[PDB]
> 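The structure that follows is given in the form of structure tokens.
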Amino acid sequence: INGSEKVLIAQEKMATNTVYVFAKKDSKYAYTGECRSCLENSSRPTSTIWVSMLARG
Amino acid sequence: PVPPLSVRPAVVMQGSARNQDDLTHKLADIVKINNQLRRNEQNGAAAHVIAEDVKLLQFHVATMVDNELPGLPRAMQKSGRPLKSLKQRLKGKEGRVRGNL
Amino acid sequence: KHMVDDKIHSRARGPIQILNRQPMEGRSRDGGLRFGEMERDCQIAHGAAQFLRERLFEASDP
Amino acid sequence: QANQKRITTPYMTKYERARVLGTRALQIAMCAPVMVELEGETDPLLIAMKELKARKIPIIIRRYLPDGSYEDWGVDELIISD
Amino acid sequence: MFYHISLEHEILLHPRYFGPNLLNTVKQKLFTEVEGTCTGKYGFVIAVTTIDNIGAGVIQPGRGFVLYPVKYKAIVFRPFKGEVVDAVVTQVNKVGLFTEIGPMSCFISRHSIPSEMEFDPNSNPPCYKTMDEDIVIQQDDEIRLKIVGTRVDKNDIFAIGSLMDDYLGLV
Amino acid sequence: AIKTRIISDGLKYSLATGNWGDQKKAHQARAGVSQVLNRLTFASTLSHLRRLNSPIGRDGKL
RNA sequence: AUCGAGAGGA
DNA sequence: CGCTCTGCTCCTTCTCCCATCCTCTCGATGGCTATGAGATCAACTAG
DNA sequence: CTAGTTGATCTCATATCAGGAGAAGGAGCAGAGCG
């Protein structure tokens, strides 16, 4: 580009369409299951859906 | 108070194009809206129009002295970079106090 | 790649920045070296008040 | 403050020695008379150190106290250690 | 007005003048500094009378100089509005009359002078004379005046006087 | 109707600067993509071409 | 020249 | 017998800070509205 | 001194995700006086 050799660096990201159950120590939720969902042929950003459990008390 | 030219130097580029400081661009916005409000109060203008003009003048002055107001939009400039207000000029590291004194 | 000739630099009353009339930054700009906050603290501990004033007032931007 | 009773140390501090030597060296460099004899010394710092060793520096150290008063000590009145 | 006032000053001294005689050098430097000087607030200083005190000389750090604060008795001259003083006439002209009060030279316009004293450029000495030609105000004469205005230029005071008030005339 | 400068200048700008996103959103855009190829030695070029990046943020101290 | 970004050195 | 005045707790904003110094490349940055008439004034250009 | 001409200078028109930690406000509320 404009005589300058430019190299694209591969960028890490969490995989999509997979359910990942984490547990944040400092939060109102005990457990949270997230899913960054994205249609096969991308047209919009990743729509993250969370399904959490409220912490006891 | 509009500062002197030393606080906002107009640096000349390689050619003759004199680039103005962020403070000068912001003062240009402030003077524009101030004159606009002055004429709108002097001549025909609706109350809501004057209110919008006063709101924009408030935004310009606030973003001149402090640009990182939570929630509000950042005062923009050409190339999509936010302006450096008087507060960022001396806020922390690489400011006046820590970075030049 | 790190050869000393590309790193050696010296200054004695060279160009200064426009906004604050202090030495420039870099070898390429013939700039001066930064006498930072930690250097100020070191010289305060030394008790060298005139050297501290020379570095932070007289050798930078009188 | 009563000069008959000065409460500060009778020793010259390292900072007092440093500043007195620098000041007197500048004075010598600006063509002030020298109080000691000189063999071949031309560096003002060497002359100032010779004057300090000889106790012949015409300077008074005004040491300020936290309360606001001060005590005046002649360089010949203080004990030079280093 | 002649007066005798104590005044304060501070003067720097180079290291060359430390020497075996120091107080004398500060004294003479003060004299050469404020002898014949003039200030608008204390008026003109005719001379310095006597040096009262020579404060402790403080060595300025980073500079070889030493500043000595001096207190000295000096006699000043300050003209005042409404004051009456005897003056000596020096020049007569159709624009006005010039008289010297000590170091100052004051000019009086014909408008301020009473209309009785005519111009007389035809006289051999330029002089002011009345209808009767009794009073004669010419060069080198001694005449009383009332100082009405004062003006300082380049730190030098120049006064203005009036001859209108009664009993202000030739001595 | 087709002002071709959108696609052309967009891809060119993004690869030229590394700010990965629209040129107007120059602060919401994430930089460090599309770096200048390192041509100092053949190993540096190969490694730069096989480089991966975890965009966790260098400021993060976890 | 300025600003930013990036790559590095200790 | 219902009102006030606390002052405790739980949450919510909100705002501040995030080592020092040094070298280099590389991209972006550029701000231009118009036109005409009336009037004053201050400087030449003759008188 | 007196007009007359000529520039400058100014005024007026017409367009529409892997932070944290502390401080301050606020709200719900338990309870104590107390008229």
Side-chain angles (χ1 to χ4, degrees), chain A residues 1-7 9 12-16 20 22 24-28 32 34-36 46 48 50 57, chain B residues 8-22 24-25 28 66 68-71 77-84 87-88 91-95 98-99, chain C residues 1-9 15 17-19 24-29 31-42, chain F residues 9 12-21 23-24 26-27 29-40 44 47-48 51 53-62:
Chain A
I1 296 90
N2 304 333
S4 195
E5 292 175 324
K6 301 279 157 60
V7 54
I9 312 306
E12 277 173 19
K13 68 193 183 69
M14 278 306 264
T16 53
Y20 295 140
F22 301 125
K24 189 163 178 289
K25 65 213 183 299
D26 52 328
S27 68
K28 66 184 288 184
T32 182
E34 73 185 5
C35 175
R36 292 180 179 90
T46 47
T48 318
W50 293 269
Chain B
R8 45 189 185 84
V11 69
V12 69
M13 293 177 70
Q14 72 291 340
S16 62
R18 206 82 82 78
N19 197 334
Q20 305 293 348
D21 204 82
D22 294 4
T24 308
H25 293 165
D66 179 14
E68 272 68 3
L69 266 292
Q77 195 39 250
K78 304 302 104 180
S79 84
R81 61 181 189 78
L83 294 154
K84 158 158 276 195
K87 162 152 179 162
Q88 293 82 17
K91 205 212 300 197
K93 198 203 310 194
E94 293 179 354
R98 292 180 63 183
Chain C
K1 67 189 290 187
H2 310 291
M3 301 162 200
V4 62
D5 267 12
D6 296 89
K7 287 161 160 51
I8 182 160
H9 174 52
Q17 307 180 41
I18 301 300
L19 186 56
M24 302 289 327
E25 187 188 299
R27 314 175 60 254
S28 47
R29 271 80 70 85
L33 282 294
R34 177 165 166 86
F35 190 93
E37 274 171 304
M38 290 177 101
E39 284 74 351
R40 178 194 64 85
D41 311 312
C42 172
Chain F
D9 292 358
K12 202 190 293 190
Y13 160 81
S14 199
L15 297 169
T17 52
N19 300 322
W20 207 249
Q23 182 166 3
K24 195 202 194 184
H27 52 98
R30 54 189 172 86
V33 194
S34 193
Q35 302 175 3
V36 184
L37 185 69
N38 209 352
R39 283 283 193 180
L40 190 149
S44 63
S47 72
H48 206 168
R51 196 73 58 70
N53 203 309
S54 191
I56 304 299
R58 312 304 186 268
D59 59 285
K61 305 310 204 306
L62 185 58

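In what follows, every heavy atom counts, from backbone to side chain, and hydrogens, waters and symmetry copies are set aside. Numbers restart at 1 for each chain; the letters A, B, ... are given by sequence-line order, proteins then strands.
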> Take atom NZ of B:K84 and atom P of G:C3, then tell me their distance rounded to the nearest Å.
8 Å

> What is the nucleic acid contact for F:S34, judged by heavy atoms within less than 4.0 Å: base, sugar-phosphate only, or nothing?
nothing

> Scan every strand shown for a Watson-Crick or G-U wobble partner of I:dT16, both distances under 3.5 Å, and answer none if you come up empty.
none

> Could you state the atom-to-atom distance from CG of B:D22 to P of G:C3 in whole Å?
10 Å

> Could you pull out all residues at least two apart from C:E25 that satisfy side chain to side chain contact (heavy atoms under 4.5 Å, CB included)?
C:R29

> Among residues two or more places apart or on two chains, list those pairs meeting side chain to side chain donor-acceptor pair (under 3.5 Å) that have a residue in residues 31-40 of chain C.
B:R98-C:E37

> Checking side-chain contact (heavy atoms from CB on, under 4.5 Å) for the pair C:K1/F:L40: CA distance, chi angles, key distance, verdict?
CA-CA 8 Å; C:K1 67 189 290 187; F:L40 190 149; 3.5 Å; yes

> What residues, two or more places apart in sequence or in another chain, satisfy side chain to side chain contact (heavy atoms under 4.5 Å, CB included) together with A:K6?
A:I1, A:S4, F:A16, F:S34, F:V36

> If the P atom of H:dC16 is compared with that of G:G9, how far apart are they to the nearest Å?
35 Å

> Rounded to the nearest Å, what distance is computed from the CD atom of residue A:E5 to the P atom of nucleotide H:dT25?
16 Å

> Going by the rule side chain to side chain contact (heavy atoms under 4.5 Å, CB included), which residues pair with A:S27 if we only count those two or more places apart in sequence or in a different chain?
A:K24, A:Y29

> Using a cut-off of strictly less than 4.0 Å, decide whether B:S79 has a side-chain nitrogen or oxygen near OP1 or OP2 of G:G4.
no

> Any protein N or O atoms within reach of nucleotides 17-22 of chain H? Criterion: under 3.5 Å, listing atom names and distances.
residue : atom : partner : partner atom : Å
H:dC18  : OP1  : B:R98   : NH1          : 2.7
H:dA19  : OP1  : B:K93   : NZ           : 3.0
H:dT20  : OP1  : B:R98   : NH2          : 3.4
H:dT20  : OP2  : B:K93   : NZ           : 2.6
H:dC21  : OP1  : C:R34   : NE           : 2.4
H:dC22  : OP1  : C:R34   : N            : 2.8

> Name all residues meeting the side chain to side chain donor-acceptor pair (under 3.5 Å) criterion together with A:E5; count only those two or more places apart in sequence or in a different chain, and write none if there are none.
F:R39

> Using the side-chain heavy atoms of A:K25, tell me which of these nucleotides is nearest: I:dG20, H:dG31, H:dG27.
I:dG20

> Where does DNA chain H pair, written as one dot-bracket string 5' to 3', with Watson-Crick or G-U pairs under 3.5 Å, ( ) inside the strand, [ ] for crossing pairs and | for another strand?
|||||||||||||||||..||||||||||.....|||||||||||||

> For C:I8, look at atom CD1 and say whether over 12 heavy atoms of other residues, nucleotides or ligands are found less than 6.0 Å away.
no

> Under 3.5 Å, which N/O atoms of the protein pair with N/O atoms of nucleotides 21-27 of chain I?
none

> Kindly give the atom pairs (protein nitrogen or oxygen, nucleotide nitrogen or oxygen) under 3.5 Å for nucleotides 8-13 of chain H.
none

> For H:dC16, does either OP1 or OP2 sit under 4.0 Å from a side-chain N or O belonging to B:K87?
yes

> If the condition is side chain to side chain donor-acceptor pair (under 3.5 Å), which residues does F:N53 pass it with, not counting sequence neighbours?
F:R58

> Ring centres of I:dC17 and I:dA18 closer than 5.5 Å, with planes less than 30° apart?
no

> In whole angstrom, give me the gap between the P atoms of I:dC17 and H:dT33.
47 Å

> Measuring to OP1 and OP2 of H:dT23, would you say a side-chain N or O of C:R29 lies under 4.0 angstrom away?
no

> Where each residue is assigned the nucleotide of DNA chain H containing its nearest heavy atom, which of F:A16 and B:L69 is assigned the position nearer the 5′ end?
B:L69

> If we check the six-membered rings of I:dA15 and its strand neighbour I:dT16, are the centres under 5.5 Å apart with planes under 30°?
no

> Look at the side-chain N and O atoms of A:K6 and state whether any lies under 4.0 Å from the OP1 or OP2 oxygen of H:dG27.
yes

> For F:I56, check side chain to side chain contact (heavy atoms under 4.5 Å, CB included) against everything at least two apart and list the hits.
F:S54

> Identify each atom pair where a protein N or O and an N or O of nucleotides 6-10 of chain G are less than 3.5 Å apart, giving names and distance.
residue : atom : partner : partner atom : Å
G:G6    : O3'  : F:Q35   : NE2          : 3.2
G:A7    : OP1  : F:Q35   : NE2          : 3.2

